[PDB]
């Protein structure tokens, strides 16, 4: 009843599209072209707070990406629509992008774009395995899917300073992540600022589990990780980010030593029906 956000491993190639609603009067023609194409597998769709506000509607649990008043930067760059394309090669995704652009215009204007790819079967560009402690199976459904079959996804485009980080001694890299790069073993003696120490899913009250589908990226803006986290609500992601940002106990996550998010967005993933994507709470 949900989309294909739980399919593991992440595809070898993906592309993230973010649109601004520039001409709301042309919205019906855009939806008529877009909605029949959203199968939740090769094409996923997320709805942003501006689109809901433009329709004068309300989605329980939906809100723009938050504003954290911290010593580290987490920008809020909320858009109206997020499209997640998954495919076989980057050329297919490029041609599919052009078709979606022309089909969504003039109602929607493309505001941002990111090509993403799987690295070495699921590693960050720093080399560390990504997704080790993700919930799987039925635990993944309970962490990511709400009762009505919808999901709430958070997105950040993290930009890595690879030259600084990879020039550190391997023990210093391991103390930033909280795991050993050589064999992915957890470092129990890592400082409290270590990433996996900051984001330990069982260390929150209530527990802050989420389903992450992050993928590395690289273009003219640099290189890093396209962070994606699916949850039954934004509660899990938001308390994690606030602890990572030092807003819980004053200790800042080690990731901010070498990486920084360039964007931030919240999106509501609608459920699927027997006849396509179920946007009924928005179109009545």
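Positions refer to the first chain, counted from 1.
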Given 247 to 255 and 219 to 227, the range whose Cα B-factors average higher in the PDB entry: 247 to 255
Entry-level comparison of average CA B-factors, 201 to 209 and 171 to 179, reporting the higher stretch: 201 to 209
Among 110, 162, 146, 157 - the residue whose C-alpha B-factor is largest in the record: 146
Selection from 125, 71, 114, 141 [criterion: highest C-alpha temperature factor in the record]: 141
Chain thirds of CA B-factor: placement of residue 64: middle
Residue 36 - Cα temperature factor, lowest/middle/highest third of chain: highest
Third assignment of residue 269 from its chain's C-alpha B-factors: middle
CA B-factor placement of residue 106, once the chain's modelled residues are sorted into thirds: middle
Third of chain Cα B-factors occupied by residue 51: middle
